[PDB]
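Here is the structure we will look at.
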Amino acid sequence: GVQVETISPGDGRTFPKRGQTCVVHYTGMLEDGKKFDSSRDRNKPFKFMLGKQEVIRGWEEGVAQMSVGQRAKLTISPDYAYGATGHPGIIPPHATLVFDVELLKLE
Ligand SMILES: CO[C@H]1C[C@@H]2CC[C@@H](C)[C@@](O)(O2)C(=O)C(=O)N2CCCC[C@H]2C(=O)O[C@H]([C@H](C)C[C@@H]2CC[C@@H](O)[C@H](OC)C2)CC(=O)[C@H](C)/C=C(\C)[C@@H](O)[C@@H](OC)C(=O)[C@H](C)C[C@H](C)/C=C/C=C/C=C/1C
């Protein structure tokens, strides 16, 4: 599944609702491997709508349990990421992913 380890705590009260836009900064890497993506490097936060199957399961369930201002290490097993197929040209089959995700605001 997805393990969530807090890097910095949020307010512990303001959690995303289903259908709400989450505004996040993230860095993604293969577990004990190469960094493949970082929204911080392009200086523009990433946005997705929760409960719309817009992102991988590990992100859906991981961000759902985070409060505003929280920064966490998400360790996402293959079944909650890109599984046996992988993501063409970037993520190989059976890849465990590690994301550093900070929940900046809700809109
Ligand atoms: C250039 O950068 C890419 C993202 C890259 C792709 C490759 C991966 C390594 C990665 O580097 O991100 C990455 O770090 C990663 O794994 N991500 C992105 C950060 C959130 C978690 C994860 C993810 O789920 O990506 C996502 C993953 C790759 C595919 C989805 C996985 C869940 C599954 O249910 C979806 O089926 C549909 C497909 C990509 C996204 O986060 C984007 C935003 C969402 C989609 C494309 C779909 O949800 C789509 O559905 C029609 C939409 O509703 C969108 C909003 C419609 C508009 C027009 C499309 C915008 C496309 C944006 C693409 C962006 C910014």
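Every number here is computed from the coordinates shown, using simple stated rules; none is lab data. Cβ atoms come from the backbone with ideal geometry, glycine included; neighbour counts cover every protein chain shown.
Return only the number of the condition from (1) more than 26 Å from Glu107 (Cβ to Cβ); (2) more than 9 Å from the ligand (Cβ to nearest atom) that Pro9 does not satisfy.
In the conditions (1) more than 26 Å from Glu107 (Cβ to Cβ); (2) more than 9 Å from the ligand (Cβ to nearest atom), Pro9 misses (1) alone.
Tell me, please, whether a residue that is surrounded by 20 or more Cβ atoms within 10 Å (Cβ to Cβ), among the aliphatic types (A, V, I, L, M) and more than 25 Å from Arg13 (Cα to Cα) can be found in region 56-65.
For region 56-65, residues surrounded by 20 or more Cβ atoms within 10 Å (Cβ to Cβ), among the aliphatic types (A, V, I, L, M) and more than 25 Å from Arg13 (Cα to Cα): absent.
Only one of (1) exposed (fewer than 14 other Cβ atoms within 10 Å of the Cβ); (2) farther than 18 Å from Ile91 by Cβ; (3) more than 9 Å from the ligand (Cβ to nearest atom) fails for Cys22. Which number is that?
Just one mismatch for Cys22, condition (1).
Filter region 56-89 down to the residues that are assigned to a loop (DSSP other than H, G, I, E, B), touching a helix residue (DSSP H, G or I) at 6+ places or on another chain (Cβ under 8 Å) and either within 13 Å of the ligand (Cβ to nearest atom) or at positive phi (or both) and list them by number.
Correct list: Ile56, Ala81.
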